[PDB]
Amino acid sequence: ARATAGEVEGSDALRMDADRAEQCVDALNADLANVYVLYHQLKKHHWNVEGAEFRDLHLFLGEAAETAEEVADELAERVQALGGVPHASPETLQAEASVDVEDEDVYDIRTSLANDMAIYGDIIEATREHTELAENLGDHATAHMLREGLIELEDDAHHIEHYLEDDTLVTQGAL
Amino acid sequence: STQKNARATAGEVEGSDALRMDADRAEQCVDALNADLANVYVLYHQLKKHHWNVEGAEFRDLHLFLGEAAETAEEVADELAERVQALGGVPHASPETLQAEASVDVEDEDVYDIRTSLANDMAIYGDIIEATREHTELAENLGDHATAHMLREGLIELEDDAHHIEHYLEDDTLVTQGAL
Amino acid sequence: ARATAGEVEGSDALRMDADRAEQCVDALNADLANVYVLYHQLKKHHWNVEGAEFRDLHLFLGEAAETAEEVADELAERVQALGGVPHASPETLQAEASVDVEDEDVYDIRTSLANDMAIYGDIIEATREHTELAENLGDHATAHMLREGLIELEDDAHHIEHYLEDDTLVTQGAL
Amino acid sequence: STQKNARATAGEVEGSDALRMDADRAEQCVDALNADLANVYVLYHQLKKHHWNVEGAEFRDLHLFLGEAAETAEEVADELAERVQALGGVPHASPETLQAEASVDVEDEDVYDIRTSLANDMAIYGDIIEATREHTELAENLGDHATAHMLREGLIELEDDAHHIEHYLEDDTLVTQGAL
Amino acid sequence: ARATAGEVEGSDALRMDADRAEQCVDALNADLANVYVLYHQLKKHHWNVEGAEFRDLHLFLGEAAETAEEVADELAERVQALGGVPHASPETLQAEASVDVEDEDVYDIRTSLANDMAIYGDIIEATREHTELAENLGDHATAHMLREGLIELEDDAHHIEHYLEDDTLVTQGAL
Amino acid sequence: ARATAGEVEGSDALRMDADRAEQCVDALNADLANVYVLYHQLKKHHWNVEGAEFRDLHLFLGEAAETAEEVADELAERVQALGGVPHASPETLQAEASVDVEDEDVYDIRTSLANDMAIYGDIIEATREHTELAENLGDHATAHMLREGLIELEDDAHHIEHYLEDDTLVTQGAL
Amino acid sequence: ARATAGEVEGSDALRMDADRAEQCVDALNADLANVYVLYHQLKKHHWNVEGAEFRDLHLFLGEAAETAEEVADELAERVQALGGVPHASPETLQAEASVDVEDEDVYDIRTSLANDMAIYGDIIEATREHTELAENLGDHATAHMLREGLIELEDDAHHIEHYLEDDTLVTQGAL
Amino acid sequence: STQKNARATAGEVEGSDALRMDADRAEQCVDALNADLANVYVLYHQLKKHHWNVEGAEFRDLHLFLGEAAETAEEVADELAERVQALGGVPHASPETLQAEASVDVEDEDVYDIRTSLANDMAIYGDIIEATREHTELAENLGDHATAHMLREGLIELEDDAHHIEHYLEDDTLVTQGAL
Amino acid sequence: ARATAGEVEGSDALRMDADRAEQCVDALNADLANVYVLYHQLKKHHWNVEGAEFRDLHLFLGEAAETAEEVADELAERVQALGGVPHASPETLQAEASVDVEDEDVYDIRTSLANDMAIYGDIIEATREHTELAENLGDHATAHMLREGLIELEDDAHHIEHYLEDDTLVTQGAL
Amino acid sequence: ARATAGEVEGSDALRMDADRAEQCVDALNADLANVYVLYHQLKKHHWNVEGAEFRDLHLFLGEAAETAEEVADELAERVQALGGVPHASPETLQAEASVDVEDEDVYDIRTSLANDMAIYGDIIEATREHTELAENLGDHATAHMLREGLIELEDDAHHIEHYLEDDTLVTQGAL
Amino acid sequence: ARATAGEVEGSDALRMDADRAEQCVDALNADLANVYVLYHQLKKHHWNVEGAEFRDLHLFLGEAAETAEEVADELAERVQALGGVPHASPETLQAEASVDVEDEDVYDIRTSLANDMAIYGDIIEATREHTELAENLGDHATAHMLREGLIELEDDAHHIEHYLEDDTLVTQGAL
Ligand SMILES: [Fe+3]
Ligand SMILES: [Fe+3]
Ligand SMILES: [Fe+3]
Ligand SMILES: [Fe+3]
Ligand SMILES: [Fe+3]
Ligand SMILES: [Fe+3]
Ligand SMILES: [Fe+3]
Ligand SMILES: [Fe+3]
Ligand SMILES: [Fe+3]
Ligand SMILES: [Fe+3]
Ligand SMILES: [Fe+3]
Ligand SMILES: [Fe+3]
Ligand SMILES: [Fe+3]
Ligand SMILES: [Fe+3]
Ligand SMILES: [Fe+3]
Ligand SMILES: [Fe+3]
Ligand SMILES: [Fe+3]
Ligand SMILES: [Fe+3]
Ligand SMILES: [Fe+3]
Ligand SMILES: [Fe+3]
Ligand SMILES: [Fe+3]
Ligand SMILES: [Fe+3]
Ligand SMILES: [Fe+3]
Ligand SMILES: [Fe+3]
Ligand SMILES: [Fe+3]
Ligand SMILES: [Fe+3]
Ligand SMILES: [Fe+3]
Ligand SMILES: [Fe+3]
Ligand SMILES: [Fe+3]
Ligand SMILES: [Fe+3]
Ligand SMILES: [Fe+3]
Ligand SMILES: [Fe+3]
Ligand SMILES: [Fe+3]
Ligand SMILES: [Fe+3]
Ligand SMILES: [Fe+3]
Ligand SMILES: [Fe+3]
Ligand SMILES: [Fe+3]
Ligand SMILES: [Fe+3]
Ligand SMILES: [Fe+3]
Ligand SMILES: [Fe+3]
Ligand SMILES: [Fe+3]
Ligand SMILES: [Fe+3]
Ligand SMILES: [Fe+3]
Ligand SMILES: [Fe+3]
Ligand SMILES: [Fe+3]
Ligand SMILES: [Fe+3]
Ligand SMILES: [Fe+3]
Ligand SMILES: [Fe+3]
Ligand SMILES: [Fe+3]
Ligand SMILES: [Fe+3]
Ligand SMILES: [Fe+3]
Ligand SMILES: [Fe+3]
Ligand SMILES: [Fe+3]
Ligand SMILES: [Fe+3]
Ligand SMILES: [Fe+3]
Ligand SMILES: [Fe+3]
Ligand SMILES: [Fe+3]
Ligand SMILES: [Fe+3]
Ligand SMILES: [Fe+3]
Ligand SMILES: [Fe+3]
Ligand SMILES: [Fe+3]
Ligand SMILES: [Fe+3]
Ligand SMILES: [Fe+3]
Ligand SMILES: [Fe+3]
Ligand SMILES: [Fe+3]
Ligand SMILES: [Fe+3]
Ligand SMILES: [Fe+3]
Ligand SMILES: [Fe+3]
Ligand SMILES: [Fe+3]
Ligand SMILES: [Fe+3]
Ligand SMILES: [Fe+3]
Ligand SMILES: [Fe+3]
Ligand SMILES: [Fe+3]
Ligand SMILES: [Fe+3]
Ligand SMILES: [Fe+3]
Ligand SMILES: [Fe+3]
Ligand SMILES: [Fe+3]
Ligand SMILES: [Fe+3]
Ligand SMILES: [Fe+3]
Ligand SMILES: [Fe+3]
Ligand SMILES: [Fe+3]
Ligand SMILES: [Fe+3]
Ligand SMILES: [Fe+3]
Ligand SMILES: [Fe+3]
Ligand code: NA
Ligand code: NA
Ligand code: NA
Ligand code: NA
């Protein structure tokens, strides 16, 4: 094997010592797992959503899934850049993830959306801390990246929050 | 023969020498295809109708969806009509002929709520979907792989639009009695 | 001061005398103010809208706001072309506007939308008259412009009207 | 509470559970942001004004520049307004409220030469630029990195437009007394 | 010869009788000549302009020339559509043109621009009348076209007018 | 729970009875799992690949990963269309997958590529059978889809096979 | 030499044994030759066509030539993928081609077009059989490819057939 | 000199210091180029004429072709005019001057069949093509490689449009006495 | 037969007499054949290349093949323009070609590339002479074309030369 | 002389006093020089690289050079904005640069790449400090810019580091 | 070292002997240096230009700088192609450049522009000779390239010449 899961040789090219590096690699790899299960959950809801606002949510969730995948790729590559070994197998990703994943059953859209909002929140708070950890460790590049992705994650979470709000054009009459 | 006016007569299927397709095999497809052309074209006009009329809370979402569905139907219809003409046949053309030759249920000129309308279109899709599955077999069997391939390509599209209508009708929503 | 608010020197290049000009400039400047408050109101609703049809309306209202801004730019520039001085400050724009603007509180989406439909209607009727005024004054260019913008304004108003209609996919069951 | 009309009241800041931002921290930002939203929006209208009126030899060059500057201001304003609403606040909306709440100097409805106008805008930019530098610190300190990041992103744009106006006003030119 | 310059057979396809037609064809062909000399003059100034605002005017005049050519094409094709024979040779075009063309000498930019503004004005006034003539003759298509082109011509004329205005960033100091 | 993992209600819209449907849904869902672990493995190699042909493989593996994701989306959506419930969680996906996934260690590029070629092969053979199963069950749509995706999968597998072939421009001299 | 013309090692990556493979490789390589002479003939007619419908045919034949080249590339690469060795030299291509190629003289357009229609027909019939051969050998990828190209070839042949039909806008009068 | 109105006088060629081209060498090119500018510009107007008038069975095909040809001529003309002005000369400008200075045959304002017209344009192309071949030599010889290069670049385009007209006039067609 | 291979009627439209013409047509037609066999050889290597730098060369050779085809089209059309008859059949093209074409066997990439470099060289030298022949015959258009194509051919030959140079990132260590 | 190298008048428009300004301008101008020599070195390697991975590195180094140029432009313009005078002549740039530039000889790709990695490292560390210096001086704009560019520089350095790693697809066998 | 500054091994691929080659490589390398200092000077003026026509010149000079960089890249790569070693370090480039570079002080725009016009002129004359040298040495490719770049350089120089001309829209009145 060229590398062993868990090891963090740092990077000479990036002038990042394995000491500072390991701190980020541990933070980043934690997020990679959470974002990737988020990815798979958003896909799930993307595939299953039904109802009156089905097509609108179908496209929204699709985009959200895509954003998650891009964010995940950014993390995984930043880890590998810092000399680490990013989580890879689906099994490892879920194991390492600290958020709540739904059992293989299919729930109504409000429940599902509500569950995703929950995953977003955890990832959003974990990420805010990691950017500080990065700015403090002097790793401005990683900090910058995290913010760039954070901005996207927060917009998707806020959208889910608006979908769940208590308003509508539907009137008891039209029912 | 050497004294007629029309270049071709509705119903006739001369086959094609270029495509190495004899009028015998050809006529079988041309009859299948022309049957579909009529159904898809009335489907086209119905989807347009609903496209123009849809109102309500999910109006804009459906307006765009139905528009796309109408477009797909028109493209599928064009593919059929041109495959017929390629096989030496004469594709149905006038609006009158198209509806007459169509075996699906078209709505009277009145305007119904969106669930009814959508439900009616799902019905038309189903008939076209089943008719098409058979026609592709008929084509693969007649050795006409090109026509078979085309039908599948279009079938895949038709099925996705029907499945979408099915999801619009499902019993779920973000709307809560509270928000009402 | 190169020009004074209220003055209309007309235009030699456009072969438009200050006499005919002032009639249009007064019509146009009246609309500019109405459209610009319309712009800010649409923005407001754009920012605040929440609920089940939130994202759909968010995008719609955004576009509507954009259209209003473009129409406003067209008016302001036609005014300045005809030798006039287009209203500019936010204060002047609201003052000069004859439509009803909402107080700084946030209302449900049906109320808001209903208020905008009201603003559209006034602008739509005012504009129909102004195009006649323009065709009559022989100013075909201004007339043409107004129609071009009118067509857009009417489509956005009609959309709001469809959002408010009494129909929906939502069923008492799904509730 | 369970008997009001408005969904929200100007001035109130409920914070955000989704963004894990408590109304305590939030209100500090929402007050900073809303202050800027007003300044940027009057800046927007002033830049438009100059965009519409500018005349002269460098007219077309400035016409395009000011147009872009106006656009940037509008985008920055949208970012602020939406960040406020995200943090549970209520962004200023009416033209009347925006000017009232704005702390910068707006020109009376008369039209001045381009150097005066430009000079006035440079003044508005400066105030917004200094106010913004402080607000980003306020945000980084309050632990709200997202809002901080946004402010910097917009700050970078605002500073480039202000610096351009500064170069337009500099004392140089290709024009020579001869050519006059 | 398939057709003779001066003849106007009208159009059966467009349901336009040679009687009504000839009235438009005479109006249109008059403009075609004016716009085409305008085209060549704008080109001339495009090629020759020099100075401090040279590149800015170079691009502007180029665009103006292009617009004129497009407007000319529209006229010529509308004429041919109405059964007429559009002026073609450079010689015929200038002869038939009623505007003032500069002798082959090169003048300063203010003089040139001033001359073009003059040509625009004549074309602008001639066109305003022709659209009425067209709407009255019931030929809405031709009327519509003329307005569409008129709008463009007026914007280019107004630009020239702003270039000539008495303002600048240049200060006696900087001189 | 709107649906239960394992259940296949078929589809009235698609005129597909739960009897025929379940046969496909079981075939498709089996593939979905294999393709999704393939996706994660290709990503892994995408992130880790190093060496002389690193950038070339980095881009290739990235595209391969993307194709796998698209194929997976097609499967999952065809399943849901046929009334089934597509596998979703990373945990479920790996569990349900019948191919060999690498432990979290990082191996040289030849080993990794060799392992992926292995996964492709199994998916390629399983897919060939499933298309027959589909054509036989009269489900031409699903059959067609499978072929469309099969064509892509085979090209990516064949590319990996060419990377592993025994040829190169490198000469003992240049070493 | 790395490979010998005629040999077909099959493909481990594509899980295709040299036994099944050779059957396709022989079919495909036969077509590659026919399509490539078709390519060169279409080019020839592309370069030489003259007359009233010259430009229309010039563009059409150009496109047809391009399609043929793309189809040829697809075949050649599928052959090489299946472990075979695609025909390459112009000499080998014509030798191996079973269709009728024109001697280096230039004929009228109807004759030429008529000759190409002949080449298309042979390629069209040969291809219909090869797709069956492929579906039967279980090689769905190759089958799919052939159909995709077949669809294009048939459209170009049908176009040539329409060019040769007995109709026209030309009237004895206009002559 | 220090009391004239025109910035330049038609006929004068001050050369160019920036381009290191003396009025002596320059005038030779400017005379060659300006001669072509006139021919190409009448060619432009003739191609437009035929573009507007062409009718018949191959009407749309020729309509587009002639339009493109007209466009190419205009671009070539612009290149010449600007190369002249670059070399210190004064390019012909008025429609009157352009035709006067042109040495090719322009049609009277009557409309002829397409074969005649096309035949006339082929004639204009030929003269411009031969004149241009010489001018490129004149330019390479005068050491003005830039002008030479330009002329070739344009020559290549002009020759392709002339050759197309030649193919339209060739004696072949798909039309058969039968179909007549 | 509208024309006979070998005949060169020149061109009245291009004011090129059959005397001068035949000299170019003989030069050009000689090149057309060489470039077209070059085209087929580059394709061959394009299809077969394998190894570590396989994908990089696959794309490079593909582009090279495309350039050759474009150059060939330019020649063939210039010949036909000058009243000649361009070589067309694959058989004729190879026969008329004076360069060395590989037998249908497949060689390692260094050998193949080395062979193409050889073909480029001959075409490059032949072309340099033909441009002089053209400038001398007063045919500047043909000369210009040849240079334009020559520039492209030389860049592709120089690229092959760099691929063969004795350098690499590969180290005995990494082996 | 409008300004003198070394002088820093600050900026009234940016509300930046010459006191604070000079601190940044000295930091930025130091970097501008380093990045610009980096630019020229990357170009050099871009032009000279040869070997098996030549084209891959040719494109990579080209992009890297481009990024460096953009970063340099950002610095130079930020300096000029802050009232300073950015280094300009090639002579001044190298003189003012604190990194190691290669003598005009050409070295193997590993040596060259290794040298650039060295330059990146110094620029990366210098930049990390300058962003702090900027955030501290209250100049958030300059700080933000530096991070944005830093992120890019680090990715290019990390790429060079991966090219130098000890792995490859090449096998002693293939040699 | 793989190569030594000053050496010119020519090129076997391009069939260019080191004898002929060295003549071009010496001409080209001389230009590369002049164009690259031109690049840096245009950048300088790009960054510093202020005044009324500031933005217009800012964009113009930016484009000019870009053109210079592209021309420089073309030279450097042609040199390396011909077996030479292109100048690389900023220090070497200025040293080898024969044109006048401004000291690090900032001058008014007319002075600066005037200085650049001077650099253009020298490069323009040097280039005209080098193309002849190339056509004569039989190196048509290099000759062609030089002309292509020459055409661009001359247009940028001519633009600077128009900026400096004695004309303007500014009037003593407006002052
Ligand atoms: Fe994705
Ligand atoms: Fe994706
Ligand atoms: Fe990636
Ligand atoms: Fe990235
Ligand atoms: Fe690494
Ligand atoms: Fe970003
Ligand atoms: Fe509607
Ligand atoms: Fe359509
Ligand atoms: Fe369509
Ligand atoms: Fe069609
Ligand atoms: Fe079709
Ligand atoms: Fe037919
Ligand atoms: Fe398809
Ligand atoms: Fe919102
Ligand atoms: Fe907007
Ligand atoms: Fe505007
Ligand atoms: Fe406008
Ligand atoms: Fe004005
Ligand atoms: Fe419009
Ligand atoms: Fe304006
Ligand atoms: Fe906008
Ligand atoms: Fe906007
Ligand atoms: Fe917005
Ligand atoms: Fe936003
Ligand atoms: Fe909210
Ligand atoms: Fe950004
Ligand atoms: Fe000029
Ligand atoms: Fe034009
Ligand atoms: Fe036209
Ligand atoms: Fe038109
Ligand atoms: Fe007509
Ligand atoms: Fe229009
Ligand atoms: Fe249910
Ligand atoms: Fe990587
Ligand atoms: Fe993806
Ligand atoms: Fe999907
Ligand atoms: Fe899908
Ligand atoms: Fe679904
Ligand atoms: Fe989908
Ligand atoms: Fe479903
Ligand atoms: Fe497909
Ligand atoms: Fe397909
Ligand atoms: Fe092997
Ligand atoms: Fe091609
Ligand atoms: Fe091609
Ligand atoms: Fe290929
Ligand atoms: Fe392919
Ligand atoms: Fe192989
Ligand atoms: Fe396809
Ligand atoms: Fe016409
Ligand atoms: Fe044009
Ligand atoms: Fe043009
Ligand atoms: Fe021009
Ligand atoms: Fe030009
Ligand atoms: Fe001049
Ligand atoms: Fe060119
Ligand atoms: Fe003949
Ligand atoms: Fe291959
Ligand atoms: Fe090609
Ligand atoms: Fe061609
Ligand atoms: Fe060509
Ligand atoms: Fe030809
Ligand atoms: Fe061609
Ligand atoms: Fe010919
Ligand atoms: Fe070219
Ligand atoms: Fe060229
Ligand atoms: Fe060597
Ligand atoms: Fe000063
Ligand atoms: Fe190179
Ligand atoms: Fe660059
Ligand atoms: Fe810049
Ligand atoms: Fe910048
Ligand atoms: Fe600056
Ligand atoms: Fe810039
Ligand atoms: Fe400054
Ligand atoms: Fe950015
Ligand atoms: Fe950013
Ligand atoms: Fe290592
Ligand atoms: Fe650049
Ligand atoms: Fe660049
Ligand atoms: Fe390069
Ligand atoms: Fe190049
Ligand atoms: Fe080399
Ligand atoms: Fe070129
Ligand atoms: Na709803
Ligand atoms: Na390698
Ligand atoms: Na015809
Ligand atoms: Na000025």
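Procedures and definitions
Residues numbered from 1 in each chain as written, not as in the entry; some residues may be left out. Chains lettered and ligands numbered in written order. Part of a larger assembly, values for the part shown. Heavy atoms only, no water. Helix = DSSP H or I, 4+ residues; strand = E, 2+ residues; numbered from the N terminus. Buried < 20%, exposed > 50% of the residue type's maximum accessible area, 1.4 Å probe, protein only. Contact = heavy atoms within 4.5 Å. Areas by Shrake-Rupley, 256 points an atom, 1.4 Å probe, with all protein chains shown as cover. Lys, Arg positive; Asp, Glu negative; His and termini not counted. Charge placed at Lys NZ, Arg CZ, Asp CG, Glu CD. Buried area = accessible area lost by both parts, 1.4 Å probe. Salt bridge = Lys/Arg side-chain N within 4 Å of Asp/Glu carboxyl O. Polar contact = N/O pair within 3.5 Å; in protein donor to acceptor, adjacent residues only side chain to side chain. Nonpolar A, V, L, I, M, F, W, Y, C, P; charged D, E, K, R; others polar. UniProt positions renumbered as here; feature names shortened; annotations may be inferred. Least-squares fit on C-alpha atoms. Donors = N, O, S within 2.8 Å, 3.2 Å for Na, K, Ca; no water. Tetrahedral: all angles 85-135°; square planar, octahedral: opposite > 155°, others 65-115°. Expected span 1.5 Å × (residues − 1).

Header annotation of the entry names X-ray crystallography as the structure determination method and lists the resolution as 2.90 Å.

## Some points on the overall build of chain B
Secondary structure summary: chain B contains 5 helices and 0 strands in total. When the helices and strands of chain B are read in sequence order from the N terminus, they spell out α-α-α-α-α. Per-residue burial for chain B yields a buried fraction of 53% across its 180 residues. Expressed as a percentage of contacts within chain B between residues at least 6 apart in sequence, the contacts between residues at least 24 apart total 76%. Carbon together with sulfur atoms contributes 44% to the accessible area of chain B, which is approximately 8000 Å² in total. Measuring between centres, the 11 positive side-chain charges of chain B sit 7 Å from its 42 negative side-chain charges.

## Section: the overall build of chain A
Assigned secondary structure in chain A consists of 5 helices and 0 strands. Starting at the N terminus, the α and β elements of chain A follow one another as α-α-α-α-α. In terms of its C-alpha atoms, chain A occupies a principal-axis envelope of roughly 70 × 30 × 20 Å. Burial statistics for chain A: of 175 residues in total, 67% are counted as buried. Taking contacts inside chain A between residues at least 6 apart in sequence as the whole, the part at least 24 apart equals 76%.

## Brief notes about the environment of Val111(D)
Position of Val111(D) relative to the elements: it lies in the loop between α3 (95–101) and α4 (114–141). Relative accessible area serves as the criterion here: at 8%, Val111(D) is assigned to the buried category. C-alpha separation for the pair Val111(D) and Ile156(D), spaced 45 residues apart in sequence, amounts to 29 Å. The contacts of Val111(D), once residues within four sequence positions are left out, are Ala1(C), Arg2(C), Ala3(C), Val85(C) and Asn53(D).

## Here we look at the interface of chain K and chain I
With 20 residues of chain K at the contact, the number on the chain I side is 21 residues. Taken together, the two surfaces of chain K and chain I that pack against each other cover about 1600 Å², and 49% of this comes from carbon and sulfur. Viewed at the interface, chain I and chain K are joined by 6 salt bridges. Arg2(K) is paired through a salt bridge with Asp166(I); the nearest N and O atoms lie 3.9 Å apart. Across the chain K-chain I interface, the total number found is 11 residue pairs in polar contact. Elements represented by at least two residues in the side of chain K that touches chain I include exactly α2 (54–81) and α5 (140–164) of chain K. Considering every element that reaches the side of chain K that touches chain I, the biggest residue donor is α5(K), with 5 residues. Of the residues in the side of chain K that touches chain I, the class split is 5 nonpolar, 5 polar and 10 charged.

## As for the UniProt feature "binding site: Fe cation 1" in chain A
Within the UniProt annotation, "binding site: Fe cation 1" is assigned to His46(A), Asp73(A) and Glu77(A). Their sequence span is 32 residues, while the largest C-alpha to C-alpha distance among them is 26.1 Å; these annotated residues do not converge on one region. With respect to the helices and strands, the residue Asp73(A) is situated in helix α2 (residues 54–81). In this structure, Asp73(A) is in contact with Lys43(F), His46(F) and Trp47(F), ignoring residues within four places of it in sequence. By the secondary structure assignment, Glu77(A) is in helix α2. Here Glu77(A) falls in the partly exposed class, since its relative accessible area comes to 25%. What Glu77(A) contacts, discounting residues up to four positions off in sequence, is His46(F), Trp47(F) and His58(F).

## Some thoughts on the pattern of salt bridges
What the rule picks out here adds up to 154 salt bridges over all chains. Here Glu125(E) makes a salt bridge to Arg15(C), at a shortest N to O gap of 2.6 Å. Remark: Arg15(C) occurs in the segment before α1 (18–48) and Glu125(E) occurs in helix α4 (residues 109–136); the pair is interchain, linking two chains. Between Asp122(F) and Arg15(G) there is a salt bridge, with the nearest N and O atoms lying 3.6 Å from each other. Note that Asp122(F) is positioned in helix α4 (residues 109–136) and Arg15(G) in the segment before α1 (18–48), a pairing that runs across two chains. Judged by its relative accessible area of 35%, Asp122(F) is partly exposed.

## Things to note about the arrangement of the chains
The two units chain E and chain F remain apart, with a minimum C-alpha distance of 42 Å. Over all C-alpha pairs, chain A and chain H never come within contact, reaching a minimum spacing of 42 Å.

## So, the relation of the copies chain K and chain I
Mapping chain K onto chain I leaves a residual RMSD of 0.0 Å; the transformation is a rotation of 120° accompanied by 0.9 Å of translation along its axis. Taken together, the rotation and translation relating the two chain copies correspond to the operation of a three-fold axis. No C-alpha of chain K lies nearer the rotation axis than that of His144(K), which sits 5.3 Å from it. Interface overlap between copies is the fraction of interface residues in one copy that are interface residues in the other; for chain K against chain I it is only 10%, indicating separate surfaces.

## Here we look at the UniProt feature "binding site: Fe cation 1" in chain B
All names here are of chain B. Summarizing the sequence annotation, UniProt attributes the feature "binding site: Fe cation 1" to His51, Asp78 and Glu82 in the numbering used throughout. Inspection of the secondary structure puts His51 in helix α1 (residues 23–53). Setting aside residues up to four positions removed in sequence, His51 forms contacts with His63, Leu66 and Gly67. Of note, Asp78 is situated in helix α2 (residues 59–86).

## Remarks on the interface of chain C and chain D
Contacts between chain C and chain D engage 37 residues on the former and 37 residues on the latter. Summed over both sides, the interface of chain C with chain D buries roughly 3600 Å², with 52% coming from carbon and sulfur. Joining chain C to chain D, the criterion identifies 4 salt bridges. When the shortest N-O distance is used, the salt bridge between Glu55(D) and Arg2(C) registers 3.0 Å. Taken together, chain C and chain D are joined by 27 residue pairs in polar contact. Residue assignment for the side of chain C that touches chain D shows that the elements contributing at least two residues are α1, α2 (54–81) and α3 (90–96) of chain C. Here the side of chain C that touches chain D gets 9 residues from one element, more than from any other, and that element is α1(C). Along the lines of polarity and charge, the residues of the side of chain C that touches chain D split into 16 nonpolar, 10 polar and 11 charged.

## Considerations on unusual backbone geometry
If you check the backbone angles, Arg15(E) has positive phi at about 50° while not being a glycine. Take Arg15(E): its relative accessible area is 70%, and that puts it in the exposed class.

## Topic: the UniProt feature "binding site: Fe cation 2" in chain B
The UniProt feature table records "binding site: Fe cation 2" at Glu82(B). In this structure, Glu82(B) sits in helix α2.

## Quick word on the coordination of the iron ion (ligand 29)
Within the protein, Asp73(E) (OD), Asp73(E) (OD), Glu77(E) (OE) and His51(H) (NE2) serve as the donor atoms for the iron ion (ligand 29), at 2.3 to 2.8 Å. Taken together, the 4 donor atoms coordinating the iron ion (ligand 29) and their angles of 50 to 153° define a geometry best described as irregular. Among the residues examined, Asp73(E) registers a relative accessible area of 15% and is labelled buried.

## Topic: the side chain of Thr131(G)
Summarising the element assignment, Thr131(G) is placed in helix α4 (residues 109–136). Here the side chain of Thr131(G) touches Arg128(G) through a polar contact of 3.0 Å, landing on its backbone oxygen. When near neighbours in sequence (up to four residues on either side) are disregarded, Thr131(G) contacts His145(B), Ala143(G), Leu146(G) and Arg147(G).

## Re the side chain of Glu102(C)
Residue and element names in this part refer to chain C. Position of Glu102 relative to the elements: it lies in the loop between α3 and α4 (109–136). Here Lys44 takes part through its side chain, which lies 3.0 Å from a polar atom of the side chain of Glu102. A polar side-chain atom of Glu102 sits 2.6 Å from a polar atom in the side chain of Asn115. Residues contacting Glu102, with those up to four places away along its chain left out, are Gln41, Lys44, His45, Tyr107, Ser112 and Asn115.

## Section: helix α1 (residues 18–48) of chain E
The end-to-end C-alpha distance of α1(E), which contains 31 residues, comes to 44 Å, matching closely the 45 Å that a straight helix rising 1.5 Å per residue would cover. Along α1(E), 24 of the 31 residues are buried, which leaves the element largely enclosed by surrounding structure.

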